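In structure tokens, the next block holds one chain alone, the form deposited in one PDB entry.
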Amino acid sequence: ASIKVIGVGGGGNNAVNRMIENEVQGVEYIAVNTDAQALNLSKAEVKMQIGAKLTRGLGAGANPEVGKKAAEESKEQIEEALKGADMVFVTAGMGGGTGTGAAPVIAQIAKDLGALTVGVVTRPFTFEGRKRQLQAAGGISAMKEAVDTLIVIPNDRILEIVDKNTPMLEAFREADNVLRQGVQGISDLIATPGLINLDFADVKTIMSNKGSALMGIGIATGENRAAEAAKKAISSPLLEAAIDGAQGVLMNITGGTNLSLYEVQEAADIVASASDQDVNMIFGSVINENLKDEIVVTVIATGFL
């Protein structure tokens, strides 16, 4: 009922902006940064500057230690901001200083408060350099110890979706959109009750912080949309392990008012047919009025180990 989405650092805050612009509902947004300048470009209602004393508003200069200590300096404000949350999503681009360093601290505060804590983060593009990869790896494992589930999106695979024409700025806008889809694929099923009844217990069921969780997305229009989006999702480049490896699978099929009973059934059956015979699978369905002839299928795969 109290669902919070908390973006951390530049990348995460940009993802929270795409979410606000697509009027994702049912969630309270919070933006967190060590950089005061960037913070004021956030559209989130609550804007939290962390590590005022340590960084004086100037960012964490690409050092995860500073991001971590910034979030520790602001320990009590993060607690106040999150009090009463049943569920907390923590988004960030891993690789820099504030995301990598602060996101784990914020995730741990949320778990400690009893929130169901899901992380949704990206691993950086290979073109960003070995040092960004290293820093990111470090924060990804830190995050896994601090969340109930960590969804990890490998940015390189985004380049296998958008065309090879795409320059950096547009590539990163796509990353904001994958991050949004990872949060929203889950939050939409739980923010409001759908036509398929789907509760917290159902969602707790697919939660594992043992191994990075992975997501697949598929989008289609036209008369064969259900099967095409289901099939694309199970074949998403973002889904680096095959879906049959997963012990847990959440599936979100979203569509417009013409989303049909047979499509739901078809998409659910495709995804279940690709999955392990003993998978624990929870399916949800939501109507998005703004979609017209397009459907979206998201799968979150967990418990690969």
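Between two forms, the rigid core is defined as the largest C-alpha subset superposing within 1.5 Å. Residue numbers here begin at 1 and follow the sequence given.
### Message
I need to verify one thing: averaged over C-alpha atoms only, is the B-factor higher for 157 to 165 or for 175 to 183?
### Response
In the deposited entry, the stretch with the higher C-alpha B-factor mean is 157 to 165.
Comparing 95 to 103 with 220 to 228, which has the greater mean CA B-factor as deposited?
For C-alpha atoms only, the mean B-factor is higher in 220 to 228.
Of the options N33, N63, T55, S236, which has the highest CA B factor as deposited?
Of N33, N63, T55, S236, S236 has the highest C-alpha B-factor.
**Asked** Which of these has the highest Cα B-factor in the record: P193, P124, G139, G119?
**Response** Going by the entry's C-alpha B-factors, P193 comes out highest.
Considering only modelled residues of the same chain, in which third does the CA B-factor of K68 rank: lowest, middle or highest? Lowest third - that is where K68 ends up once the chain's C-alpha B-factors are sorted.
**Asked** Within this chain, which third does the Cα B-factor at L250 fall in: lowest, middle or highest?
**Response** Middle third of the chain for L250's C-alpha B-factor.
- [ ] Can you work out whether the C-alpha temperature factor of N290 puts it in the lowest, middle or highest third of the chain?
- [x] Top third by C-alpha B-factor.
- Comparing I50 with the other modelled residues of its chain, is its CA B-factor in the lowest, middle or highest third? For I50, the deposited C-alpha B-factor lands in the lowest third.
Self-check item: Where the record places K210 (Cα B-factor, split into thirds across the chain)
Solution: It falls in the top third of the chain.
Keep in mind the form deposited in another entry is missing from the figure; the text below concerns it.
Worksheet item: Upon rigid core superposition, which of the listed residues (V162, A227, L195, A137) is displaced by 2 angstroms or more at its Cα between this form and the one not shown?
Response: Everything else stays below 2 Å; the exception is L195.
Can you confirm the direction of the Cα distance change for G114 and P193 in that other deposited form, closer or farther than in this form, given it is 3 Å or more? Between the C-alphas of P193 and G114, the gap widens in that other deposited form (3 Å or more compared with this form).
- Message: Distance change of 3 Å or more between the C-alpha atoms of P193 and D112 in that other deposited form: closer or farther compared with this structure?
- Response: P193 and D112 sit farther apart in that other deposited form.
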